[PDB]
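Only one chain is included here, represented as structure tokens and corresponding to the form deposited without this ligand.
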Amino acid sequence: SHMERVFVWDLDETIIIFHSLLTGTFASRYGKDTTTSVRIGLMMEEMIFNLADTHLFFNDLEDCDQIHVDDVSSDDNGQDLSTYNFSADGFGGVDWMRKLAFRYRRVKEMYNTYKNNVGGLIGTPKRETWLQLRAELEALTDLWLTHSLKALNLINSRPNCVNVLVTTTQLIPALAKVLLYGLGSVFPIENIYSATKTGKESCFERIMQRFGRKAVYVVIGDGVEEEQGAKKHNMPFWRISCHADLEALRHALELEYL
């Protein structure tokens, strides 16, 4: 009988601060040193793609511009990839499709086993560089991530609330970000969508398709694409422009019992 909410999030400058570190927009808007901002921004970028290329077959999967990890699960035979050798498996369109599905599934496996042990995934000494980077970033952003997480965790813990992510970032890179920003635990991987290809209103429609019409969808984000797509589908939109907006959201999450 319970009413159910579906929270559709944007990533960059909504849940995390990353791109705006490279443009000087954040440092400028909140009076931070621009030079440190760019330095921090480029280090994360390096870590994001290094993780992507090194563990998430990014050099292989990049040109596939896939939307959801399970999009090619038709061609997955379900065998154990523990001992499977991806490097020397020659990576066509049907025998090739199985090899693609294998990588996306291994990515999914990596994500689930390391979502709460990212330092274990990237290993040392990168782990320490990461923890220090995350600390530098958290300070310069005045605890932005701390704010977004409070809302994400309230949604997670709440029984009739769900967390969905729709980002224009490509899929593999988007997963690397999520992991490096400690969002693996709050976002079930089957809930991440890459709108790089289809566009956001497509993903939104698809998400409604998936959760039904009886659900109340809330589009959360800082950008126009997200907001415009919320209009097409007459989905309430919650804009995030500062820490205050993330607090307003957490507050609302805190008052309702479904």
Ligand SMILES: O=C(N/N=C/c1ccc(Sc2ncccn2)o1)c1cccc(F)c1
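Only the largest set of C-alpha atoms that superpose within 1.5 Å between the two forms is called the rigid core. Numbering starts at 1 and runs along the sequence shown.
Absent from the display: the form deposited with this ligand bound. The rest refers to it.
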| query | Does this chain block this ligand or leave room for it once its pose in the deposited bound form is superposed onto the site C-alphas (blocked: 3 or more ligand atoms within 2.4 Å of backbone or C-beta; open: none)? | reply | blocked
| note | Of the candidate stretches 64-72, 206-214, 24-32, 50-58, the one with residues having heavy atoms within 4.5 Å of this ligand in the deposited bound form is 24-32
| request: Report the residue, out of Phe102, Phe187, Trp144, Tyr111, that has at least one non-hydrogen atom within 4.5 angstroms of this ligand in the deposited bound form. | output: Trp144
| message | Quick check on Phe18: any heavy atom within 4.5 Å of this ligand in the deposited bound form? | response | yes
| in the deposited bound form, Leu140 touching this ligand (heavy atom, 4.5 Å) | yes
| field | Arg239: touches this ligand in the deposited bound form, heavy atom cutoff 4.5 angstroms | value | no
| task | Find out whether any non-hydrogen atom of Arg250 is located within 4.5 angstroms of this ligand in the deposited bound form, and reply yes or no. | result | no
| Residue among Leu81, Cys161, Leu133, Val72 with C-alpha shift of 2 Å or more between this form and the one not shown, core superposed | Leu81
| query | Does the C-alpha of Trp238 move 2 Å or more between this form and the one not shown once the rigid core is lined up? | reply | no
| request: Would you mind telling me if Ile15 and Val38 are closer or farther apart in the deposited bound form than in the shown form, C-alpha to C-alpha, with a 3 Å or larger change? | output: closer
| query | Did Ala215 and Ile15 drift closer or farther in the deposited bound form, going by a CA distance change of 3 angstroms or more? | reply | farther
